[PDB]
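Asker: The structure's right below; bear with me while I get my questions together.
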Amino acid sequence: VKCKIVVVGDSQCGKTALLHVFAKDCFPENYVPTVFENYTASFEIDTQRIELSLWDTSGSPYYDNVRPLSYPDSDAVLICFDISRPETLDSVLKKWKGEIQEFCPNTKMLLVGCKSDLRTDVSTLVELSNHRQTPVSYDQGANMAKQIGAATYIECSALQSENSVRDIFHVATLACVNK
Ligand SMILES: Nc1nc2c(ncn2[C@@H]2O[C@H](COP(=O)(O)OP(=O)(O)OP(=O)(O)O)[C@@H](O)[C@H]2O)c(=O)[nH]1
Ligand SMILES: [Mg+2]
């Protein structure tokens, strides 16, 4: 019936677009750095009505001081990274895991790779090669999920696949109700 899900990850990794496509099927036209947002409503998940409380947060270190205020009583935490920026994956390991482990010790964390569509975007690929990098590979992400002890690994593209975004929240809900 009710599940609280909080989304965290580095700035610009895709959190807000992920949440807006799910909650309104509306991809955000312009980018605005997030501080906090909450959207609480009844969603039809397959059949069953489930009341989700969705929390958006800041990826910026400058809000580290208040970010944890959103964590109490979370049923699932979606730790997100940007598939087009491998440094955001390192953050899941060096910062996000520790922060969730410290404030939501008993919560299920899902590792969510965002912007999967950028894996085939030439501009992205050229800029990454110029720094001797490639996008995070599927296997790289999955390996990071085992590394941090995440309940699962999943990927999406809020920009190009509404279904991929639906799948994120369906699995996050599953994580919630399985307890
Ligand atoms: N190609 C692509 N770009 C995306 C996708 N999702 C988001 N973006 C873009 O990446 C930028 C950041 O997306 P947001 O969802 O606002 O980032 P955030 O993680 O919410 O950022 P903070 O609020 O600063 O933590 C925006 O310009 C988006 O339009 C995606 O699935 N594909
Ligand atoms: Mg945001």
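Residue numbering: from 1, along the chain as shown.
So how was this one determined? The header says X-ray crystallography, 2.1 Å.
Even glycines carry a Cβ here, placed using N, Cα and C.
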Asker: Under Swiss-Prot, which of the candidate ranges 13-21, 31-39, 148-156, 166-174 is annotated motif 'Effector region'?
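Answerer: Matching range for motif 'Effector region': 31-39.
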Asker: Name the residues of the same chain, 6+ apart in sequence, whose Cβ is under 8 Å from the Cβ of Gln12 (GTP binding site)?
Answerer: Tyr31, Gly59, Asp82
Asker: Kindly point out which of the binding-site residues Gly9, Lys15, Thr57 have a C-beta less than 6 Å from some atom of ligand 2.
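Answerer: The binding-site residues passing the 6 Å Cβ test are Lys15.
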Asker: Long-range same-chain neighbours of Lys15 (GTP binding site), Cβ under 8 Å, sequence gap at least 6?
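Answerer: Expected: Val7, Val8, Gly9, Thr34, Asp56, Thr57, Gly59, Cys80, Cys114.
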Asker: Among the binding-site residues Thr57, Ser60, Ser116, whose Cβ has the fewest other Cβ atoms within 10 Å?
Answerer: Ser60
Asker: What three-state class does DSSP give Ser60 (GTP binding site)?
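Answerer: Going by the DSSP assignment, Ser60 (GTP binding site) belongs to neither helix nor strand, so it counts as coil.
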